[PDB]
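2 protein chains.
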Amino acid sequence: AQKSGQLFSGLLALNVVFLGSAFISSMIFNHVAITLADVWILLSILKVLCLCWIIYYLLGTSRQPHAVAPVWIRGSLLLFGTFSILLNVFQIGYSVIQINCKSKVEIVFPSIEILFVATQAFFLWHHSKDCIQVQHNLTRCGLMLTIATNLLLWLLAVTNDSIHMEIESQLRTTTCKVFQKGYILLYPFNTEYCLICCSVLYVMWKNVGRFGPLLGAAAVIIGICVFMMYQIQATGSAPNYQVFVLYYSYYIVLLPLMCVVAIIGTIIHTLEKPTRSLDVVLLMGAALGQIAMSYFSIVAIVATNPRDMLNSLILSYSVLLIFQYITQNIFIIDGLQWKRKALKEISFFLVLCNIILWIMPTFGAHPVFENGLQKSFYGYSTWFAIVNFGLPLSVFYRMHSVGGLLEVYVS
Amino acid sequence: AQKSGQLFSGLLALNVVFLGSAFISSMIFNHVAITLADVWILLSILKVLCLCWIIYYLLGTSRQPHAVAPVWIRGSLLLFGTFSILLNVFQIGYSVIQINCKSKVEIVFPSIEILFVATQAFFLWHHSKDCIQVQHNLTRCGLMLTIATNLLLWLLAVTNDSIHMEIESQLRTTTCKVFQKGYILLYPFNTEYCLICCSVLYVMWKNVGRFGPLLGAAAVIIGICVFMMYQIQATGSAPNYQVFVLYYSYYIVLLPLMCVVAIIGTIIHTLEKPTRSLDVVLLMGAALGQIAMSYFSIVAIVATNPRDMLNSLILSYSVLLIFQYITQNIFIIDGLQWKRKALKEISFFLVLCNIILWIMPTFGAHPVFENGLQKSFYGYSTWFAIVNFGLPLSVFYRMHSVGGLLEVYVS
Ligand SMILES: CC(C)CCC[C@@H](C)[C@H]1CC[C@H]2[C@@H]3CC=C4C[C@@H](OC(=O)CCC(=O)O)CC[C@]4(C)[C@H]3CC[C@]12C
Ligand SMILES: CC(C)CCC[C@@H](C)[C@H]1CC[C@H]2[C@@H]3CC=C4C[C@@H](OC(=O)CCC(=O)O)CC[C@]4(C)[C@H]3CC[C@]12C
Numbered sequence: 006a007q008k009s010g011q012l013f014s015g016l017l018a019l020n021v022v023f024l025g026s027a028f029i030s031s032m033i034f035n036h037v038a039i040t041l042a043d044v045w046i047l048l049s050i051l052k053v054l055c056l057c058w059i060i061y062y063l064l065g066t067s068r069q070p071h072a073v074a075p076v077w078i079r080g081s082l083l084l085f086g087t088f089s090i091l092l093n094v095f096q097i098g099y100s101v102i103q104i105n106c107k108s109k110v111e112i113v114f115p116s117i118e119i120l121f122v123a124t125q126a127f128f129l130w131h132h133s134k135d136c137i138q139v140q141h142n143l144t145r146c147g148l149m150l151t152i153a154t155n156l157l158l159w160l161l162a163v164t165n166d167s168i169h170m171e172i173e174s175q176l177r178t179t180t181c182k183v184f185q186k187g188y189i190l191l192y193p194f195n196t197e198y199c200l201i202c203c204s205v206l207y208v209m210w211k212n213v214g215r216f217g218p219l220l221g222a223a224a225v226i227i228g229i230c231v232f233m234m235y236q237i238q239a240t241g242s243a244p245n246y247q248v249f250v251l252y253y254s255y256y257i258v259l260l261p262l263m264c265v266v267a268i269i270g271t272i273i274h275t276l277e278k279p280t281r282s283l284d285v286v287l288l289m290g291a292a293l294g295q296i297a298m299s300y301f302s303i304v305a306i307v308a309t310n311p312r313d314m315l316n317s318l319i320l321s322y323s324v325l326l327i328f329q330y331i332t333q334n335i336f337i338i339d340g341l342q343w344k345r346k347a348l349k350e351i352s353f354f355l356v357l358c359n360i361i362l363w364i365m366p367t368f369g370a371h372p373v374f375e376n377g378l379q380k381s382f383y384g385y386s387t388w389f390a391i392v393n394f395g396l397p398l399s400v401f402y403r404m405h406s407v408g409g410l411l412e413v414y415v416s
Numbered sequence: 006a007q008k009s010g011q012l013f014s015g016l017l018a019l020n021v022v023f024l025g026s027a028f029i030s031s032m033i034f035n036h037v038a039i040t041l042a043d044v045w046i047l048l049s050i051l052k053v054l055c056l057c058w059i060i061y062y063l064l065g066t067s068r069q070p071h072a073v074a075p076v077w078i079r080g081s082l083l084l085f086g087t088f089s090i091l092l093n094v095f096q097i098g099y100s101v102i103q104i105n106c107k108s109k110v111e112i113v114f115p116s117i118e119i120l121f122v123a124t125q126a127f128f129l130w131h132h133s134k135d136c137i138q139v140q141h142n143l144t145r146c147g148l149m150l151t152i153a154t155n156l157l158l159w160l161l162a163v164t165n166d167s168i169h170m171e172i173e174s175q176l177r178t179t180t181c182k183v184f185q186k187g188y189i190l191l192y193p194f195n196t197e198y199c200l201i202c203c204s205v206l207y208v209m210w211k212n213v214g215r216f217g218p219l220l221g222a223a224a225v226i227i228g229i230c231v232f233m234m235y236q237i238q239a240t241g242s243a244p245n246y247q248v249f250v251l252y253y254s255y256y257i258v259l260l261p262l263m264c265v266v267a268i269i270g271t272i273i274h275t276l277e278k279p280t281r282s283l284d285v286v287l288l289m290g291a292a293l294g295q296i297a298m299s300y301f302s303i304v305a306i307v308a309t310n311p312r313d314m315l316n317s318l319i320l321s322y323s324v325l326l327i328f329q330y331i332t333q334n335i336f337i338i339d340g341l342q343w344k345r346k347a348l349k350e351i352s353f354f355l356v357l358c359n360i361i362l363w364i365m366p367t368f369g370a371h372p373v374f375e376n377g378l379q380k381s382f383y384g385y386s387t388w389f390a391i392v393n394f395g396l397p398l399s400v401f402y403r404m405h406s407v408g409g410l411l412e413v414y415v416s
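Protein sequence lines correspond, in order, to chains A and B.
When you line the first sequence up against my numbering, it's residues 6 to 416, in that order.
When you line the second sequence up against my numbering, it's residues 6 to 416, in that order.
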């Protein structure tokens with residue numbers, strides 16, 4: 006009874022997803038026929054339909070009798086929502102001030118985007134864990150339309166190389182440099198906001214809808230120092246050669262300690278004798294993006310010449326990142342089902358390390374993008390698609406693993 | 006206890022899959038660095054490792070005490086195995102006879118391919134439903150290595166445009182034309198053999214490892230006539246203009262009858278009051294390839310000019326194919342949980358229609374490939390990847406739906 010309408014809402018969602026994916030892919034492949042303005046028209050129609058549905062929800066569905074995690078997904082949702090609203094404000098200011106020889110087309114589509122980020126954030130803040138009871142089949146089609154729009158927006162954010170190559174054409178002055186800097190710096194925030202919204206809307210139509218801290222704090226402070234140094238050097242010019250080595254050597258100092266600590270915690274777990282499935286599949290599927298991008302990096306270094314200074318640091322960094330993802334995944338999946346104090350230090354050290362490793366890969370001009378090594382191997386558009394597919398998924402993995410390791414810490 | 010080693014075998018499989026996918030994708034993108042011979046070396050090492058494991062299985066694992074669907078997967082497995090052995094024989098004869106100015110490199114890699122298709126078919130014929138009990142963790146790593154090799158072989162078969170554009174370069178004489186004709190005609194057989202093997206190896210490490218017929222026969226005979234007419238015209242020259250219209254008009258006659266019959270069967274189902282989950286996800290995931298390819302076709306026609314003779318037949322054919330997939334899926338998913346005789350006629354008519362619609366899209370020069378409409382819209386390599394991703398999945402859907410509708414027929 007429920008699963009049948011669930012299937013029908015899924016058919017609506019898959020038809021909208023595959024139609025929009027055909028439009029976006031025709032924008033990638035056959036660029037002369039399908040224009041980005043047509044994709045914006047389709048996504049604007051779809052966004053306005055989601056606006057009418059969530060407005061009808063907030064005004065006339067949430068008032069009849071319905072049925073009678075919660076701290077970090079909501080906070081990251083408001084954070085990434087605020088920064089994506091700011092990103093679209095930066096895009097509007099980039100549209101209106103420098104290039105004044107335009108029509109009124111490229112201002113309306115980010116304005117509906119601003120409105121859509123705003124009221125979806127307000128709607129997902131309050132109405133997340135509330136099992137809808139009055140209008141089942143309308144709510145499932147509405148939520149699946151919203152998920153389809155978020156997936157099409159994420160796909161456009163992944164494969165949209167248009168402004169990112171347009172900005173770097175002029176780079177080959179008073180406020181337009183501020184606007185370009187802010188747009189490039191804030192571009193992963195919308196791409197990860199789409200994934201956060203997809204996760205919480207999926208939850209609310211699937212289930213809903215029927216000593217150690219001292220070293221950890223030292224790691225967080227040194228990570229903040231190298232991150233602010235790389236970001237100050239990065240948004241001032243084409244940054245440097247040595248700051249790459251500094252960032253990657255911070256990675257090669259931190260990540261083997263996390264591998265060794267995760268392996269030790271796994272041995273301690275061997276020395277002692279629905280929600281869990283969604284947590285497992287979220288951890289694995291979020292790990293796959295960074296594992297895939299780093300395997301592309303491994304092949305891209307060993308096919309070219311290794312044994313340069315930082316070029317050996319990217320290789321070792323990628324291999325240690327794979328190994329850290331794997332051992333940390335084994336540690337978390339084993340952890341969800343003199344010893345206890347040691348394991349508490351392990352878990353809180355990994356929590357603080359995951360927080361500083363969460364804040365770092367979401368700020369635009371990342372050093373896995375800003376080398377001429379994977380670029381001019383796969384190419385700009387291909388490596389842009391790989392990086393924007395992988396790095397928001399690594400941010401999602403860091404968030405979800407912060408939650409899992411905080412559950413381990415109070416276990 | 007079991008799920009942990011299951012996870013570890015999955016880590017081995019995902020590492021091999023992502024490493025080989027990085028090699029194949031570097032062959033697509035950075036063609037100057039990674040050569041197809043290196044992909045053949047990697048797949049040959051991987052194939053030989055699977056050969057040693059399955060030979061050790063057949064000779065020294067299947068003899069200790071183990072634990073104490075079956076008619077069409079096995080038959081299609083032997084059929085596609087025989088035709089892929091024949092395809093690799095055709096590839097060897099294409100390698101050795103026409104282009105004699107070669108080294109001994111391109112003969113060994115199809116020879117290990119022939120041996121690998123042969124003994125995997127022999128191994129999957131007898132040892133499919135036998136729960137292995139003696140060497141658990143070795144068998145899981147072996148089966149996951151074999152699944153990783155089959156997925157990498159399927160990915161190379163999907164994205165391997167190399168010979169298919171090489172053959173059509175000379176087309177711009179005694180036996181090399183026979184060899185090229187047979188290779189192009191038999192190329193989907195290996196690509197669908199890989200998916201059949203992936204499905205049965207996935208089963209044997211997942212669960213194992215711990216009146217109406219008269220019109221249906223008329224449809225089958227007329228489908229055989231239009232298929233043999235298109236194949237005789239197709240492998241004689243660049244075929245015709247009118248045979249496309251004949252094939253697509255057979256589709257536009259047959260598929261609305263299947264939509265109407267599936268909708269009627271759904272209404273009759275509304276008028277009466279593990280394995281199932283794998284069947285559902287196999288039906289949906291096999292449907293997604295044809296639904297995606299036809300949505301690409303819909304966008305490719307409506308972005309260019311419709312309202313030509315057969316160009317309106319491809320559009321209506323694609324929309325009716327989407328609608329037939331959707332209504333037949335609704336019919337099968339409802340069917341798995343004066344009236345009974347009518348529903349029996351519905352099910353057997355759809356069985357015979359699915360058999361003739363199973364034999365048709367697996368024979369090479371397909372009319373969804375052989376128009377200059379989606380080609381020169383997406384391009385040869387892109388549309389080749391789309392067609393070889395979609396059409397073996399449609400063959401898999403037709404097979405799996407023949408099995409499901411035969412279960413419905415005796416229900
Ligand atoms: C990343 C983008 C570019 C592609 C992702 C596509 C998905 C967004 C679509 C395509 C297939 C769709 C699924 C197709 C089938 C179903 C099964 C359906 O489940 C049932 O069949 C319940 C009925 C029953 O169990 O009998 C639930 C919706 C769902 C997952 C759909 C949800 C949305 C999916 C995953
Ligand atoms: C088509 C190609 C290019 C990409 C396909 C990638 C897959 C071949 C890989 C990537 C993710 C891998 C999966 C990652 C995680 C797991 C979960 C694991 O299941 C468990 O976690 C059991 C333990 C538990 O339940 O607690 C089983 C292996 C599996 C499916 C792996 C099997 C192989 C997968 C699907």
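Ideal Cβ positions, reconstructed from N, Cα and C, are used throughout, including at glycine.
>> Which residues in chain B have a C-beta closer than 8 Å to the C-beta of residue 82 of chain A? List them in chain order.
In response: As a first step, residue 82 of chain A is located in the first sequence; it is residue number 77 there, counting from the start. Per Cβ cutoff of 8 Å: no residues; residue 82 of chain A is ~30 Å from chain B at best.
>> Contact defined as beta carbons within less than 8 Å: I believe residue 114 of chain A pairs with residue 184 of chain A. What is the distance between those atoms, to the nearest angstrom?
In response: Sequence index remark: in the first sequence, residue 114 of chain A carries index 109 (1-based). Sequence index remark: in the first sequence, residue 184 of chain A carries index 179 (1-based). Not really, about 17 Å apart at Cβ, beyond 8 Å.
>> In whole angstroms, give me the CA-to-CA distance for residue 241 of chain A and residue 279 of chain A.
In response: Your numbering for residue 241 of chain A matches position 236 in the first sequence. Your numbering for residue 279 of chain A matches position 274 in the first sequence. Their backbone Cα atoms lie some 48 Å apart in a straight line.
> Helix, strand or coil for residue 343 of chain A per DSSP?
Replying inline: Taking the first sequence and counting its residues from 1, one reaches residue 343 of chain A at position 338. Coil at residue 343 of chain A, not helix or strand.
> Grouping DSSP H, G and I as helix and E and B as strand, with all else coil, what is residue 112 of chain B?
Replying inline: Within the second sequence, residue 112 of chain B is the residue found at index 107, counting from 1. Coil at residue 112 of chain B, not helix or strand.
> Relative to ligand 1, what is the chain-ordered list of residues with a Cβ closer than 6 Å to any of its non-hydrogen atoms?
Replying inline: A:8, A:11, A:12, A:15, A:18, A:19, A:22, A:26, A:156, A:160, B:285, B:289, B:293 and B:338
> Between the C-alpha atoms of residue 284 of chain A and residue 341 of chain A, what's the straight-line distance to the nearest angstrom?
Replying inline: Position 279 of the first sequence, counting from 1, holds the residue named residue 284 of chain A. Position 336 of the first sequence, counting from 1, holds the residue named residue 341 of chain A. Each residue's Cα considered, the two are about 10 Å apart.
>> Check for me: the alpha helix (DSSP H) holding residue 4 of chain B runs from which residue to which?
In response: Any answer about residue 4 of chain B is impossible in this case: the structure gives chain B only from 6 up to 416.
> Which residue's Cα is closest to the Cα of residue 295 of chain B: B:319, B:123, B:330 and B:256?
Replying inline: Translated into positions along the second sequence, residue 295 of chain B becomes position 290. Checking every option, the nearest Cα to that of residue 295 of chain B belongs to B:330.
> Listed in chain order, which residues of the segment 27-50 of chain B have Cβ atoms closer than 8 Å to some Cβ of chain A?
Replying inline: 27, 28, 30, 31, 34, 35, 38 and 39
> Among A:18, A:135 and A:188, which has the Cα closest to the Cα of residue 88 of chain A?
Replying inline: To locate residue 88 of chain A, count along the first sequence from 1; it is residue 83. The candidate whose alpha carbon is nearest that of residue 88 of chain A is A:188.
> Which ranges does the alpha helix (DSSP H) cover as unbroken runs of at least 4 residues, wholly within the segment 196-245 of chain B, from first to last along the chain?
Replying inline: 217-239
> What is the C-beta distance between residue 409 of chain B and residue 297 of chain B, in whole angstroms, given that I count them as a contact (C-beta under 8 Å)?
Replying inline: Position 404 of the second sequence, counting from 1, holds the residue named residue 409 of chain B. Position 292 of the second sequence, counting from 1, holds the residue named residue 297 of chain B. Not a contact, Cβ separation roughly 21 Å.
> In chain A, what lies closer than 9 Å to residue 16 of chain B by C-beta?
Replying inline: For this step, residue 16 of chain B is matched to residue 11 along the second sequence. Within 9 Å Cβ-Cβ: 331, 334 and 335.
> Name the chain B residues that come within less than 8 Å of residue 309 of chain A, Cβ to Cβ?
Replying inline: By one-based count along the first sequence, residue 309 of chain A stands at place 304. Under the 8 Å cutoff, chain B gives 38.
> Could you give the residue range of the alpha helix (DSSP H) that holds residue 6 of chain A?
Replying inline: Translated into the one-based positions of the first sequence, residue 6 of chain A becomes position 1. Run containing residue 6 of chain A: none; DSSP gives neither H nor E here.
> Between the segment 244-274 of chain B and chain A, which residues of the former have a C-beta closer than 9 Å to a C-beta of the latter?
Replying inline: none
>> Below 8 Å on the Cβ atoms is my contact criterion, and I expect residue 252 of chain A with residue 372 of chain A to pass it. Report the Cβ-Cβ distance as a whole number of Å.
In response: Residue numbering aside, residue 252 of chain A sits at position 247 when the first sequence is read from its first letter. Residue numbering aside, residue 372 of chain A sits at position 367 when the first sequence is read from its first letter. The pair is a contact, with the Cβ atoms about 6 Å apart (cut-off 8 Å).
> Who are the Cβ neighbours of residue 411 of chain A in its own chain at under 7 Å, not counting the five residues just before and after it?
Replying inline: On the first sequence, residue 411 of chain A is found 406 positions in, with the first residue counted as 1. Excluding residues within five positions, the ones whose Cβ falls inside 7 Å are 356.
> Could you give the residue range of the alpha helix (DSSP H) that holds residue 171 of chain B?
Replying inline: Within the second sequence, the letter at position 166 stands for residue 171 of chain B. Where residue 171 of chain B is concerned, the enclosing alpha helix (DSSP H) stretches over 167-175.
> What's the C-alpha gap between residue 218 of chain B and residue 259 of chain B?
Replying inline: To locate residue 218 of chain B, count along the second sequence from 1; it is residue 213. To locate residue 259 of chain B, count along the second sequence from 1; it is residue 254. Using only the alpha carbons, I get a separation of about 15 Å.
> On the three-state DSSP scale, how would you describe residue 106 of chain B?
Replying inline: As a working mapping, residue 106 of chain B is identified with position 101 in the second sequence. Note: residue 106 of chain B maps to coil in three-state DSSP.
> In chain order, which alpha helix (DSSP H) runs of at least 4 residues are fully inside the segment 59-85 of chain B?
Replying inline: none
> Where do the ends of the alpha helix (DSSP H) carrying residue 374 of chain A lie?
Replying inline: For this step, residue 374 of chain A is matched to residue 369 along the first sequence. First-last for residue 374 of chain A: undefined, no H or E at that position.
> Is it right to say residue 170 of chain A is buried, meaning 16 or more other beta carbons lie within 10 angstroms of its own, or is it exposed?
Replying inline: As a working note, residue 170 of chain A is residue 165 in the first sequence. The residue in question, residue 170 of chain A, is exposed, as its Cβ has fewer than 16 Cβ neighbours within 10 Å.
>> Short of 8 Å Cβ to Cβ, which residues in the segment 278-309 of chain A face chain B?
In response: 293, 296, 297, 300, 301, 303, 304, 305, 308 and 309
> Quick one, which residues of the segment 336-359 of chain A are near chain B if we go by CB-CB under 9 Å, in chain order?
Replying inline: 338 and 339
>> Spatial neighbours of residue 270 of chain B within its chain, please: C-beta separation below 7 Å, excluding the five flanking residues on both sides.
In response: As a working mapping, residue 270 of chain B is identified with position 265 in the second sequence. Same-chain partners within the cutoff: 336, 348 and 351.
>> So with CB distances below 7 Å, who are the chain A contacts of residue 23 of chain B?
In response: Looking up residue 23 of chain B in the second sequence gives position 18. Result: 296, 297 and 300.
>> Please report whether the beta-carbon of residue 394 of chain B lies at a distance below 8 Å from any beta-carbon of chain A.
In response: Residue mapping note: residue 394 of chain B aligns to position 389 of the second sequence, counting from 1. Taking Cβ atoms only, chain A never reaches closer than 8 Å to residue 394 of chain B, which makes this a no.
> So with Cβ pairs under 8 Å, would you call residue 382 of chain A a contact of chain B?
Replying inline: The count along the first sequence starts at 1 and reaches residue 382 of chain A at position 377. Answer yes: the Cβ-Cβ gap between residue 382 of chain A and chain B drops below 8 Å somewhere.
> By a C-beta neighbour count over all protein chains shown, 10 Å radius and 16 as the cutoff for buried, is residue 413 of chain A buried or exposed?
Replying inline: What you label residue 413 of chain A is simply residue 408 of the first sequence in a count that begins at 1. Label assigned to residue 413 of chain A: buried.
>> Would residue 82 of chain A and residue 201 of chain A qualify as a contact pair, given that the criterion is a beta-carbon distance under 8 Å?
In response: Counting from one through the first sequence, the residue named residue 82 of chain A turns up at place 77. Counting from one through the first sequence, the residue named residue 201 of chain A turns up at place 196. Yes, Cβ-Cβ distance for residue 82 of chain A and residue 201 of chain A is below 8 Å.
>> Going by DSSP, what residue range makes up the alpha helix (DSSP H) through residue 247 of chain A?
In response: Position 242 of the first sequence, counted from the first residue, corresponds to residue 247 of chain A. Run containing residue 247 of chain A: 247-276, per the alpha helix (DSSP H) assignment.
> Just reading off the alpha helix (DSSP H) that residue 305 of chain A is part of, what are its end residues?
Replying inline: Locating residue 305 of chain A in the first sequence gives position 300, where the first residue counts as 1. Unbroken alpha helix (DSSP H) run through residue 305 of chain A: 280-308.
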